[PDB]
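Working notes, structure below.
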Amino acid sequence: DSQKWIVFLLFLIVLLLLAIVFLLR
Amino acid sequence: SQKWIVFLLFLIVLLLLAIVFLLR
Amino acid sequence: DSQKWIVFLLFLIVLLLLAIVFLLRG
Amino acid sequence: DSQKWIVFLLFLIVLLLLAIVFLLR
Amino acid sequence: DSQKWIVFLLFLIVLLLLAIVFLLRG
Ligand SMILES: CCCCCCCCOCCOCCOCCOCCO
Ligand SMILES: CCCCCCCCOCCOCCOCCOCCO
């Protein structure tokens with residue numbers, strides 16, 4: 001399912017943004 | 001799936017706004 | 001439908017990334 | 001078509017992220 | 001299809017964010 005992969009990639013993007021915020025803070 | 005995408009995009013917007021505040 | 005919501009959120013993301021680019025430049 | 005606009009916005013996001021990477025590199 | 005383009009662009013975004021994290025750590 002393409003939607004499942006889209007959701008998984010968005011979750012990965014959320015994790016990467018969290019890591020970026022932690023690095024900046 | 002649409003609700004998941006909307007919720008994750010809202011989280012992304014929140015995190016990007018936090019990054020913008022951190023830069024400034 | 002949620003498609004308009006997704007489009008609006010992505011537009012907000014584009015604006016935020018533009019702001020990030022502007023802050024990085026100056 | 002909303003899918004076309006979603007793809008267009010994602011492409012703009014990719015270009016902006018590439019510009020950010022170039023600025024930070 | 002449009003779904004394939006969305007998946008490909010999200011994968012590119014993931015790669016770019018990974019590069020950003022690598023730069024921040026480096
Ligand atoms: C849609 C934007 C294009 C995506 C960026 C890819 C190309 C980035 O390279 C641009 C080359 O221009 C040279 C930049 O000048 C040196 C960088 O520092 C100047 C900023 O103050
Ligand atoms: C759609 C693009 C997805 C691929 C991105 C993966 C990372 C490759 O992009 C690197 C961008 O950086 C540009 C060149 O790197 C900096 C070179 O100058 C630094 C010292 O010379």
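Each chain in the structure tokens gets a letter, A, B, ..., in the order shown, and its residues are numbered from 1; ligands are numbered from 1 in order too.
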Residues at most 8 Å from ligand 2, using only C-alpha atoms and all ligand atoms? Could they come as a list in words? residues 14, 15, 18, 21, 22 and 25 of chain D; 9, 12, 13, 15, 16 and 19 of chain E
Test item: residues at most 9 Å from residue 21 of chain C, only C-alpha atoms, excluding those fewer than 6 positions along its chain, as a PyMOL selection string: chain D and resi 16-17+19-20+23
Limited to N, CA, C and O atoms, could you put the picked residues into a file as a tab-separated table (two decimals), in the first residue's frame?
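The resulting file, result_20.tsv, is reproduced below:
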```tsv
chain	number	residue	atom	x	y	z
D	16	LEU	N	13.65	23.46	-1.71
D	16	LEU	CA	14.00	24.31	-0.58
D	16	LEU	C	14.96	23.61	0.37
D	16	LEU	O	15.90	24.23	0.88
D	17	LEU	N	14.74	22.32	0.62
D	17	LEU	CA	15.66	21.57	1.48
D	17	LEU	C	17.04	21.46	0.85
D	17	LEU	O	18.05	21.52	1.54
D	19	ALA	N	18.34	23.71	-1.14
D	19	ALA	CA	18.93	25.03	-0.94
D	19	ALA	C	19.44	25.20	0.49
D	19	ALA	O	20.51	25.78	0.71
D	20	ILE	N	18.69	24.70	1.47
D	20	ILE	CA	19.12	24.77	2.86
D	20	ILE	C	20.40	23.96	3.06
D	20	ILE	O	21.33	24.40	3.76
D	23	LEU	N	23.23	25.94	1.68
D	23	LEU	CA	23.58	27.05	2.56
D	23	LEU	C	24.37	26.56	3.78
D	23	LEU	O	25.32	27.22	4.22
```
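By only C-alpha atoms, and with residues fewer than 6 positions from residue 4 of chain A along its chain excluded, the set lying at most 12 Å from it is residues 10 and 11 of chain A; 1, 2, 4 and 5 of chain B; 3 and 7 of chain E.
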Output as a VMD selection string the set of chain B residues within 8 Å of chain A, with distances taken over only C-alpha atoms. chain B and resid 1 4 to 5 8 to 9 11 to 12 15 to 16 18 to 19 22
Which residues of chain C come within 10 Å of ligand 1, and what is each one's closest atom pair and distance in Å (one decimal), counting only C-alpha atoms and all ligand atoms, sorted by chain and residue number, as JSON lines?
```
{"residue": "C:21", "atom": "CA", "partner": "ligand 1", "partner_atom_place_in_ligand_line": "20 (C)", "distance": 9.7}
{"residue": "C:22", "atom": "CA", "partner": "ligand 1", "partner_atom_place_in_ligand_line": "21 (O)", "distance": 9.9}
{"residue": "C:24", "atom": "CA", "partner": "ligand 1", "partner_atom_place_in_ligand_line": "21 (O)", "distance": 8.2}
{"residue": "C:25", "atom": "CA", "partner": "ligand 1", "partner_atom_place_in_ligand_line": "21 (O)", "distance": 5.3}
{"residue": "C:26", "atom": "CA", "partner": "ligand 1", "partner_atom_place_in_ligand_line": "21 (O)", "distance": 7.8}
```
